[PDB]
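Heads up, the thing below is written out as structure tokens.
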Amino acid sequence: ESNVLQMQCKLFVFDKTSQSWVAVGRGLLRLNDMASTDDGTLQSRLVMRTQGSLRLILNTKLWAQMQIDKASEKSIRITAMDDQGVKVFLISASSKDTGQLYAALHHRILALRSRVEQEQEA
């Protein structure tokens, strides 16, 4: 793996019961790339650990069907796969980090989508 970016941020999960964001808390978020040594094909993931205690609170692989929306100047709404699992989460950060994260995710997802439509959608 190669680290693409690292940023301080705050993570929220969407709670279907209360129909509201539930704050998980702050941590260091990394976007990591891993290129296949056979196809050069790219897989990427978002990994986040709490500050201080370094406990894992996010480890989500990027997929073509993942949707990313800039929910505000300082936040990004993301979907994920995989029950009782949380489907939607929110990353809040500085305006600058949010912009960088959005751009990085956008291009990776766009690449994945291009690949899927060529491979699986004729």
Side-chain angles (χ1 to χ4, degrees), residues 1-80 85-122:
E1 273 191 335
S2 169
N3 179 245
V4 176
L5 64 81
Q6 181 168 257
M7 52 187 272
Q8 183 61 23
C9 62
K10 188 174 180 171
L11 174 68
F12 302 75
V13 295
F14 190 78
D15 175 30
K16 64 163 206 56
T17 62
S18 61
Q19 286 293 304
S20 73
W21 292 111
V22 180
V24 173
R26 298 179 185 274
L28 287 185
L29 174 70
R30 290 176 307 272
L31 173 60
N32 292 344
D33 279 351
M34 53 225 91
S36 171
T37 52
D38 302 349
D39 317 321
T41 190
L42 195 63
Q43 299 313 320
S44 306
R45 66 173 180 143
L46 289 164
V47 186
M48 189 176 177
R49 289 180 179 276
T50 59
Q51 285 251 61
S53 51
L54 308 186
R55 296 295 178 177
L56 197 57
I57 56 168
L58 194 74
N59 183 18
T60 299
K61 177 180 176 175
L62 273 57
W63 296 95
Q65 296 186 305
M66 165 179 291
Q67 292 190 358
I68 292 187
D69 298 302
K70 224 177 203 306
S72 78
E73 56 288 335
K74 299 191 291 189
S75 66
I76 298 169
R77 185 178 70 180
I78 306 171
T79 60
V86 165
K87 185 85 177 60
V88 187
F89 62 102
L90 185 78
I91 298 170
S92 168
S94 67
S95 288
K96 293 184 186 179
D97 285 335
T98 301
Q100 295 303 317
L101 178 62
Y102 183 80
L105 292 171
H106 167 81
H107 287 274
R108 281 159 179 79
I109 291 166
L110 189 50
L112 293 174
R113 291 174 176 176
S114 288
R115 203 170 67 203
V116 163
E117 69 170 353
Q118 295 177 19
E119 292 180 349
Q120 305 175 30
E121 298 172 5

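One is the number of the first residue; the rest follow in order along the sequence.
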About how many Å separate [atom2] of [Y] and [atom1] of [X], when rounded to the nearest 0.5 Å?
X	Y	atom1	atom2	answer
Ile109	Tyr102	CD1	OH	8.0 Å
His107	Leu112	NE2	CG	13.0 Å
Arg77	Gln67	CZ	CD	8.0 Å
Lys96	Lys74	NZ	NZ	13.0 Å
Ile76	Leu101	CD1	CG	4.0 Å
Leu46	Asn59	CG	CG	9.0 Å

Look at the side-chain heavy atoms of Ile, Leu, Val, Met, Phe, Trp and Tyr, link any pair under 4.5 Å apart, and say whether [X] and [Y] land in one connected group.
X	Y	result
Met34	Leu62	no
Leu105	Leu110	no
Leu42	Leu5	no

For residues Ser36 and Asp38, is any side-chain donor paired with an opposing acceptor at under 3.5 Å?
-> no

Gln100 CD: over 12 foreign heavy atoms closer than 6.0 Å = no

Nearest heavy-atom contact between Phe12 and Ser92 is CE1-CB, 3.9 Å

Do you know which two heavy atoms are closest between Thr98 and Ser72, and how far apart they sit?
-> CG2-O, 4.5 Å

For the pair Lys87 (side chain) and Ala80 (backbone), establish whether a donor and an acceptor sit closer than 3.5 Å, ignoring hydrogens and angles.
-> yes

Apply the test side-chain contact (heavy atoms from CB on, under 4.5 Å) to residues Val88 and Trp21: give CA-CA distance (whole Å), side-chain angles for both, the deciding distance (0.1 Å), then the verdict.
-> CA-CA 9 Å; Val88 187; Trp21 292 111; 3.7 Å; yes

Identify each donor-acceptor pair in which a side-chain atom of residues 115-122 lies under 3.5 Å from a protein atom, sequence neighbours left out, and give them as a table.
{"unit_1": "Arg115", "atom_1": "NH1", "unit_2": "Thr41", "atom_2": "OG1", "d": "2.8"}

Any side-chain heavy-atom pair of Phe14 and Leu90 under 4.5 Å = no

Pair listing, side chain to side chain donor-acceptor pair (under 3.5 Å) test, anchored in residues 23-34, at least two apart | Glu1-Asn32, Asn3-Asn32, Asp33-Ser44, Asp33-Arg108

I would like to know whether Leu29 and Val47 meet side-chain contact (heavy atoms from CB on, under 4.5 Å); could you show each step before the answer?
-> CA-CA 6 Å; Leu29 174 70; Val47 186; over 6 Å; no

Test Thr60 against every option in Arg45, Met48, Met66 by the side chain to side chain contact (heavy atoms under 4.5 Å, CB included) rule and name the one that passes.
-> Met66

Working for side-chain contact (heavy atoms from CB on, under 4.5 Å), residues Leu28 and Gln8 = CA-CA 5 Å; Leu28 287 185; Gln8 183 61 23; 3.1 Å; yes

